[PDB]
Amino acid sequence: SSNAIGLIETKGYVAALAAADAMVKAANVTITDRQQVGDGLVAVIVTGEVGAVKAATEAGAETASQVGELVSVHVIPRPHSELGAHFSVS
Amino acid sequence: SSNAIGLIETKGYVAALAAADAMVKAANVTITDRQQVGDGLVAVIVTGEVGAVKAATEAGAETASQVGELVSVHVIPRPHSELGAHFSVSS
Amino acid sequence: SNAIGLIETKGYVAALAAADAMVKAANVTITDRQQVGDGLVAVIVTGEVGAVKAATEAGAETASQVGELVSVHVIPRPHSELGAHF
Amino acid sequence: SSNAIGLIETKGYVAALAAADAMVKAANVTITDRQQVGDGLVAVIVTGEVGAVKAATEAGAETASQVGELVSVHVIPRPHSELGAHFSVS
Amino acid sequence: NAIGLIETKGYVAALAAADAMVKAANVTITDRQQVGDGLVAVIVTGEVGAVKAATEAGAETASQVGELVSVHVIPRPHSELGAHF
Amino acid sequence: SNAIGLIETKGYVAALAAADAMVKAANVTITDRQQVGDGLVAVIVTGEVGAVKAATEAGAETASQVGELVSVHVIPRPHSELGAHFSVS
Ligand SMILES: [Cl-]
Ligand SMILES: [Cl-]
Ligand code: NA
């Protein structure tokens with residue numbers, strides 16, 4: 001905080017975009033990355049204070065499940081200080 | 001304001017094309033993105049006025065269900081100001 | 001003469017086989033070829049409505065015999081936009 | 001004329017390469033195209049006289065079934081005159 | 001210069017696993033591979049013991065978060081790899 | 001030295017492990033890597049037929065251990081019409 005990251009992965013782009021907007025609506029988080037690794041998987045990564053990050057991912061997960069298919073939801077309170085040099089989480 | 005988002009996701013290009021065609025016919029909307037993320041999924045994104053986008057999306061979902069499988073249907077009336085930095089939702 | 005007919009398969013060979021069967025069966029023109037991943041290939045032909053229908057019927061038949069047919073559709077009057085994405 | 005087309009589609013690159021090798025060994029055919037449209041699918045396209053193309057595809061099909069999994073086998077005796085404009089079959 | 005490898009399906013499990021690996025020991029993320037079908041691979045390098053400790057933590061985290069596909073350690077990667085690998 | 005060794009696995013890790021085992025097993029050269037979807041990764045090696053056989057067998061076993069082996073194959077004497085559309089050299 002404010003370096004905590006929230007992670008949402010859906011099966012479908014529309015569920016992911018819906019979740020993304022729901023996440024930034026619900027808390028003061030910043031979208032820092034989007035990953036599409038195939039087989040329908042789309043991942044949206046947000047950063048901010050750990051409290052806001054959890055609020056974001058909770059709202060994002062609910063929206064993803066309603067719009068399409070939620071695959072994963074996760075929070076990393078303190079990412080490794082050098083993680084952001086290999087994965088976009090800043 | 002003319003930044004409402006309409007979202008359709010189907011299985012396969014043909015159902016998505018049919019859907020996209022139905023959306024632009026239905027109302028004053030603009031296709032702003034097309035995404036292909038695997039497992040047969042194809043997504044069509046449109047923008048325009050809220051009413052136009054709602055109408056286009058309804059037409060999109062109906063056509064999608066006829067040609068193939070409709071996976072997702074969604075509307076975002078008032079997108080977060082940061083959404084477009086990172087998703088293509090603008091004309 | 002601006003109607004389009006669409007054949008989508010899960011595999012290149014079934015798509016190519018369908019494409020040839022279509023132009024053989026009617027005086028249509030292959031105008032586009034789309035591959036959206038995971039084996040999906042779409043062939044788009046253009047012509048008069050009656051013949052794109054005959055073409056897609058022949059294409060669908062051949063696609064099913066050769067491989068896996070995913071979709072078959074005809075749009076008599078497609079829009080004049082769609083755009084750079086479609 | 002030597003413009004008949006022989007088509008083999010496999011799942012897995014190894015089955016396709018093995019099949020491709022069997023196809024040119026089996027007859028007087030020439031590898032014209034190679035396609036990989038996702039989901040493991042690999043296509044091999046050969047050209048030549050109809051009889052040779054027939055012999056090539058049967059050998060390719062057998063090898064593909066041995067090494068991996070055969071998806072499609074097809075022969076087009078006389079391809080449409082403008083087929084080779086949207087599809088590499090020369 | 002041993003390497004440790006973690007592969008998952010889904011980016012989320014992979015990012016969590018990578019984070020665990022660099023936290024666990026003296027390793028450095030030197031590569032990342034996404035070969036399709038949702039598969040995501042992360043590779044770290046360093047001394048053997050550290051690489052081993054990282055992958056254990058990496059595999060543990062990956063299984064908790066999502067689905068772990070493969071976990072492996074190569075104490076000394078061959079030089080004849082660095083052209084297509 | 002024209003023989004081809006072919007290994008196909010699920011996932012990058014099983015493939016890299018297999019590739020590593022192959023180049024350590026004999027005097028072969030990795031000439032290609034192919035990722036054609038559904039999790040499939042292929043590694044192709046070339047060299048003398050004996051070396052290719054030893055490499056291929058050692059790669060396949062490592063592949064079974066790390067992940068799943070899909071295909072294993074050896075082409076002792078590949079046709080010359082193959083190299084024009086397939087990286088085997
Ligand atoms: Cl909204
Ligand atoms: Cl043969
Ligand atoms: Na319109």
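Throughout, a chain's letter reflects where its sequence line sits, starting with A, and its residues are numbered from 1.
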Taking every heavy atom of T62(C) against every heavy atom of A17(C), the minimum-distance pair comes out as CG2-O, 3.6 Å

Got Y13(A) and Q36(B) here, is their nearest side-chain heavy-atom distance under 4.5 Å? no

Minimal heavy-atom distance between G12(A) and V37(B), with the atoms involved, is CA-CG2, 4.3 Å

Residue set satisfying side-chain hydrogen bond (donor to acceptor under 3.5 Å, both in side chains) with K9(E), at least two apart, ordered chain then number -> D39(A)

For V41(F) and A15(F) the tightest heavy-atom approach is CG1-CB, 3.5 Å

Please list, one pair per line, the donor and acceptor atoms closer than 3.5 Å that link side chains of residues 70-90 of chain A to other protein atoms, with sequence neighbours excluded.
{"residue": "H80(A)", "atom": "ND1", "partner": "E82(A)", "partner atom": "N", "Å": "3.0"}
{"residue": "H86(A)", "atom": "ND1", "partner": "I29(E)", "partner atom": "O", "Å": "3.3"}

| query | Does a side-chain heavy-atom distance below 4.5 Å link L16(F) with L5(E)? | reply | yes

Between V13(C) and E9(D) the two heavy atoms that sit nearest each other are N-OE1, 3.0 Å

query: Just wondering, more than 12 heavy atoms not from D32(C) lying within 6.0 Å of its CG?
result: yes

Closest non-hydrogen contact found for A19(C) with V43(C) is CB-CG1, 3.9 Å

What side-chain donor-acceptor pairs closer than 3.5 Å can you find for residues 52-59 of chain E, not counting sequence neighbours?
{"residue": "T55(E)", "atom": "OG1", "partner": "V51(E)", "partner atom": "O", "Å": "3.3"}
{"residue": "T55(E)", "atom": "OG1", "partner": "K52(E)", "partner atom": "O", "Å": "3.0"}

Tightest non-hydrogen contact, residues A18(C) and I7(C), listed as CB-CG2, 4.0 Å

* Asked: Would you say the side chains of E49(D) and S2(D) form a donor-acceptor pair under 3.5 Å?
  -> yes

